[PDB]
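The lines below spell out each chain.
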Amino acid sequence: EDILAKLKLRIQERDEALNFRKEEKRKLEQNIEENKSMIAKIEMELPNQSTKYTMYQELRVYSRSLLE
Amino acid sequence: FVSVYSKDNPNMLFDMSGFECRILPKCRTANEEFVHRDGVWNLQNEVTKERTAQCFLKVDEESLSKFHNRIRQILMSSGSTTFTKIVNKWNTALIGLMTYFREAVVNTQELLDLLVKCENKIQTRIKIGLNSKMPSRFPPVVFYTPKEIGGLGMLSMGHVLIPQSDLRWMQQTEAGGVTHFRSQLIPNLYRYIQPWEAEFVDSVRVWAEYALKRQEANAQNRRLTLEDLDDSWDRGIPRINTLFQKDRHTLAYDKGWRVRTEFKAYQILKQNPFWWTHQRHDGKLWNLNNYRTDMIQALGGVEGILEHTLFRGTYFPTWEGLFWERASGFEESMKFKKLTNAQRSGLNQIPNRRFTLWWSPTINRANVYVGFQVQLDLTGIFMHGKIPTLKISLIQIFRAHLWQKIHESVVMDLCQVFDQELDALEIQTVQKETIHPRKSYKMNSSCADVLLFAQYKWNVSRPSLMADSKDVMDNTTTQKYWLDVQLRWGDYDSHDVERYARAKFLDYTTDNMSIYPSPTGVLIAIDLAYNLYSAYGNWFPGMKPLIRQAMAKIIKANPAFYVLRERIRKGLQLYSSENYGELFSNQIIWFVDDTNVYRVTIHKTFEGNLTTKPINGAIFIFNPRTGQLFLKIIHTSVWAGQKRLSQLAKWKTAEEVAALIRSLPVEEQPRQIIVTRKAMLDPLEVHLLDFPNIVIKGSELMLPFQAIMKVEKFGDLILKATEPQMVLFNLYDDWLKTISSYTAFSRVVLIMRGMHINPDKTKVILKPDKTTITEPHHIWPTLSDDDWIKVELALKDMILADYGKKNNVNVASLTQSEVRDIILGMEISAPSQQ
Amino acid sequence: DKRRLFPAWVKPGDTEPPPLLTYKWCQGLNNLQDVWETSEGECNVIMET
Amino acid sequence: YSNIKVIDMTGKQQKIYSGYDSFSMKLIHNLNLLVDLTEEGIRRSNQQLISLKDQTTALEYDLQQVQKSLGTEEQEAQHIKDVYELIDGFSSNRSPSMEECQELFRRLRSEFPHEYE
Ligand SMILES: O=P(O)(O)O[C@H]1[C@H](OP(=O)(O)O)[C@@H](OP(=O)(O)O)[C@H](OP(=O)(O)O)[C@@H](OP(=O)(O)O)[C@H]1OP(=O)(O)O
């Protein structure tokens, strides 16, 4: 009947190792979504940079001609 | 010794190089057969390809005693010696025994019992060195933990069990509860050294197959491709990687080297354990990196180890990126210069202070045969034994009533929460009690610290934890509620703030001494060593989620914890290691370079020895937006009368540019200075304290301003200077009229990298037609805007060809961003280092 | 070494660490012809001094 | 400080000044065109950074597949059963008759054979 007491130990031990992997799952998911969030922000800038640059291409030509 | 094999005597005994050997011809006699002891060699008959006989190894009793006496010598030579120095000698002795004898040791049970005895003795030498005559306060983790985690890094050959209890860790939940976490023997070193049988048979096949792989290299006359051997690299009794040893054009001539290293015993008084090998001829015959990594795993991983240490008291967020300080000045130098045996042993104690402090929650754990509960004065710490230096170390942490100062701060920080929730909790008032100053560390009993009076009573829950999200909230009604806040300083045996908060609550609420003004309240507990928090008691509606939220906010930002945390860190010595478009913005920015400032030339003499002559140099200060260049020549007269010249040269670089900056109007002074050598940041900082508006940044990109000395307009000008004159230049030879600053800037970088590679090929590139000239009012040859592009392409190809030659890579493998970054000198070398 | 003064039995040679020497000994010993035969009373004696 | 030779080669004809003090007390439309030209490189640098961000998704997306979905969730699923198996093994026991012992060891040995041994 001591084995019954041993089980409560191994039950706690196993459950308490299980706690770590659960948290480990939470940590992995957290990193990915911040990147999803963060990278979502970065690709929103990609249009804006396209709009800038193309306008500068015109305004390069325009200013260079205008001042001459 | 004479040993005789016959039809009567079947064991052919012999004893060579310390290996006691018994041969049994198993084709003849059958007393033992193919038993899987590790240390039995199988004698393959070479012509019949049969296991005709077995050889049983042992370590001979002569070399047992040579080993035993080496451990005795280490124990005798202890005294005032650091624990690291002791175990470094143990490790060296143990590696020496093991890497020599290998599988002979494990067949020699009388050695293994000795190895257990010696290892335990080294441990006990450390235990008694910390005045701790008991097992419990010294569990395995203190010794075997690798020494970059501040353990001793002891190696083992014992079946040293790691207690299953000692692997747990705990982390604070945001809910205010605590989750325990987790992830057997400590590893024997023996499994990490390849046994000699495997080494020999693998050495035959490896060097045999190398001859075939060289026959391919011979047949094709190709380069001996190391890619053909990368699986073989750490094989062979001579390690095959010694074939590529850069010294090997000499090591071919060091003949008779093995006997030479043995006769050193008559020449050098210091015994050498690796007398039998030489890393340049044998190669390194063992590699123990896997032992270090696996040892962390056996001890529970970094999170499981660090609970045994005061790390959680630092409240660093993570272990990675932390480092341990060393300097050797004052630690060792002053003891060499000004020895005094009774006093200067306190300097040798500096690592032991750090070590004992670091392992405090283990070495001062309450689980003891005896000890005493010596409470530290003015403090809640208990000092269960007279551990030599932990007492003074902890006093310096909690100096000047820090224990009380913490407790009052958390009590009043709670007041500043209650003062803003009165109506929501239906509180008529909250009282900070007249807490007696002892109360913060009188551990045997307590008062209420904060008292709540209801507006018209609340219903009140049965006693429960802050982690218990559900409550029997209709159990009773009461209109007075108390909070008791109790600090704690845990140890690895006891830092569970959940069970602590319960047990102290249940005790005090039944104890007669407890000055509690109501039958219902909570006890709040804080483990100040682990930064854990908890609460237990009765709860009225809205109280539990407030304390849960409020307590975390306190732990995150309270100032009294911060001064404690810094004191722990400053005691542990343990510290944390913590743009291309910007150059052309409307600010004023100077690049500065110090590499050309102090220069020395070498020549032969009539004495045959060389001698050093200093020569004139220059500080190089360049504005990349405007192209303006300030070339402050530094003349050899400033080195006269001094000998610490290199540090003086660093000081004089920062000083002379500060003198220039201080003379110029603030509308022309920089606002950022970008410095091409990180060693120059700090003398500039201490010199530019008078101008806080200037930010100073390390360049991190590499700009080769050292190469400008190859330009004759600079070389002769700087060499032939008679005084430390200033010379002003512009590197943009009118380019800012016809091209932009960036391409003009990039052109300078292309030209500078070019002449750093080769001036003359650059001059060839800069002279595409022989009719081109350099005008005296210019620095570069006069070229058209398209001709400048043509020479830029030649410089770009020249840079990449030199890069490709230096790295064995095709230029066509490089993208437009990579070739740019190569021009910027960024760290492109391998993907494993970015 | 160039002139081959020492014959190959002179040990602390550059090519064997002493544990390999023990191996080449017992490897070379076992390779001897009829070395384990004792039918007619043949004996091996190894002498070390 | 006040009497150290300054040689000036920045202009088309040479000048000499007695020192820093004598030196220290001795368009923008075109400049802005140069600025305009630089901004073209800025988006070029950012597009290349966006290519690195593109590879950053490859790192992140393989962490989803390999690290979270395969490695973590699989070992989760296996051992979380083993917890409940071992809890179930604990549940089985107590005060049997003869046939209750048979059903116990039938149950224990058939269902939980590793734990039984
Ligand atoms: O490590 P052990 O030999 O099993 O002894 C411990 C120890 O007993 P002491 O009271 O004599 O020290 C514990 O005390 P600490 O090391 O924490 O000071 C105690 O914990 P409690 O004081 O809370 O009882 C624990 O008790 P338990 O087995 O219930 O955890 C108890 O075991 P024993 O009471 O059987 O000696």
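## Thoughts on the overall build of chain C
Here comes step 1: Each helix and strand in chain C was counted, giving one helix and one strand.
Here comes step 2: Its C-alpha atoms give chain C principal-axis dimensions of roughly 45 × 25 × 25 Å.
Here comes step 3: Across the 49 residues in chain C, those meeting the buried criterion constitute 37%.
Here comes step 4: Carbon together with sulfur atoms contributes 56% to the accessible area of chain C, which is approximately 3,500 Å² in total.
Here comes step 5: Mean positive and mean negative side-chain charge positions of chain C (5 and 8 charges, respectively) differ by 21 Å.

## What to know about the packing of aromatic side chains
All names here are of chain B.
Here comes step 1: Summed over the entire model, instances satisfying the criterion amount to 56 aromatic pairs over all chains.
Here comes step 2: Ring centres of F620 and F622 lie 6.3 Å apart, and the angle between their planes is 45°; this geometry places the pair in the tilted category. Just as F620 is buried, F622 falls in that class too.
Here comes step 3: Ring-pair connections join several aromatic residues into one group, and the members of that group are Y580, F584, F591, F620, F622, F705, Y732, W735, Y742, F745, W780 and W788.
Here comes step 4: Of note, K26 hangs over the ring of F34, and the distance from its end group to the ring centre comes to 3.9 Å.
Here comes step 5: The cationic tip of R569 hangs over the ring face of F316; the distance from NZ or CZ to the ring centre is 3.8 Å.

## Digging into the interface of chain A and chain D
Here comes step 1: Each partner contributes to the interface: chain A provides 33 residues, whereas chain D provides 30 residues.
Here comes step 2: Counting each side, the surface lost to burial between chain A and chain D is near 3,100 Å², with a carbon and sulfur contribution of 71%.
Here comes step 3: Our enumeration of links across chain A and chain D arrives at six salt bridges.
Here comes step 4: The shortest N-O distance in the salt bridge between A:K25 and D:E73 comes to 3.0 Å.
Here comes step 5: The interface formed by chain A and chain D includes eight residue pairs in polar contact.

## Side note on the interface of chain B and chain C
Here comes step 1: With 41 residues of chain B in contact, the opposing surface of chain C contributes 32 residues.
Here comes step 2: Taken over both partners, the interface formed by chain B and chain C buries close to 3,300 Å², and the fraction arising from carbon and sulfur atoms is 65%.
Here comes step 3: Here chain B is connected to chain C by one salt bridge.
Here comes step 4: Between B:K255 and C:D1 there is a salt bridge, with its nearest N and O atoms 2.9 Å apart.
Here comes step 5: Taken together, the connections running from chain B to chain C amount to 22 residue pairs in polar contact.
Here comes step 6: Per-element tally for the side of chain B that touches chain C: the top contributor is strand β2 (residues 12-16) of chain B, with five residues.
Here comes step 7: Grouping the constituent residues of the side of chain B that touches chain C by class yields 25 nonpolar, seven polar and nine charged.

## Observations regarding the pattern of salt bridges
Side chains carrying opposite charge are able to pair once their charged atoms draw close together.
Residues and elements named next belong to chain B.
Here comes step 1: Applying the stated criterion across every chain, the model contains 59 salt bridges over all chains.
Here comes step 2: One salt bridge in this structure joins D254 and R260, with 2.9 Å as the shortest N-O distance.
Here comes step 3: A relative accessible area of 26% places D254 in the partly exposed class.
Here comes step 4: With a relative accessible area of 41%, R260 lands in the partly exposed category.

## Details of the nonpolar core
Residue and element names in this part refer to chain B.
Here comes step 1: By size, the foremost hydrophobic cluster in this structure holds 145 residues, and its most contacted members are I23, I122, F398, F418, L452, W489 and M543.
Here comes step 2: Among all residues touching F398, those that are not within four sequence positions of it are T379, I381, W403, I406, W489, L528, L564 and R567.
Here comes step 3: The next biggest cluster of nonpolar side chains, apart from the first, holds 52 residues, and it includes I589, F620, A721 and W788.

## A few points about a nonpolar patch on the surface
Here comes step 1: On the surface, a nonpolar cluster with roughly 370 Å² of combined accessible area is contributed by B:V2, B:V4, C:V45 and C:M47.
Here comes step 2: Among the elements of the structure, β1 (2-5) of chain B together with β1 (44-47) of chain C are those that each provide at least two residues to the nonpolar patch.
Here comes step 3: Position of B:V2 relative to the elements: it lies in strand β1.

## A short note on the environment of B:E408
Residues and elements named next belong to chain B.
Here comes step 1: Within the element layout of this structure, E408 appears in helix α17 (residues 402-418).
Here comes step 2: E408 gets classed as partly exposed once you look at its relative accessible area, which sits at 40%.
Here comes step 3: Along the primary structure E408 and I237 are separated by 171 residues, whereas in three dimensions their C-alpha atoms are 69 Å apart.

What counts and how
Residues numbered from 1 in each chain as written, not as in the entry; some residues may be left out. Chains lettered and ligands numbered in written order. Part of a larger assembly, values for the part shown. Heavy atoms only, no water. Residues with missing side-chain atoms left out of burial classes, pairs and counts. Helix = DSSP H or I, 4+ residues; strand = E, 2+ residues; numbered from the N terminus. Buried < 20%, exposed > 50% of the residue type's maximum accessible area, 1.4 Å probe, protein only. Areas by Shrake-Rupley, 256 points an atom, 1.4 Å probe, with all protein chains shown as cover. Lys, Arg positive; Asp, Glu negative; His and termini not counted. Charge placed at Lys NZ, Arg CZ, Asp CG, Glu CD. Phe/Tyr/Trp six-rings, centres within 6.5 Å; stacked < 30°, edge-to-face > 60°. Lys NZ or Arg CZ within 6 Å of the ring centre and 35° of its normal. Contact = heavy atoms within 4.5 Å. Buried area = accessible area lost by both parts, 1.4 Å probe. Salt bridge = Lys/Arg side-chain N within 4 Å of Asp/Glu carboxyl O. Polar contact = N/O pair within 3.5 Å; in protein donor to acceptor, adjacent residues only side chain to side chain. Nonpolar A, V, L, I, M, F, W, Y, C, P; charged D, E, K, R; others polar. Core = buried A, V, L, I, M, F, W, Y, C linked by side-chain atoms within 4.5 Å. Patch = residues over 30% accessible without salt bridge, like charges linked within 9 Å, V, L, I, M, F, W, Y side chains within 5 Å.

So, to be careful, I would describe these as geometric facts and stop short of saying anything about function.
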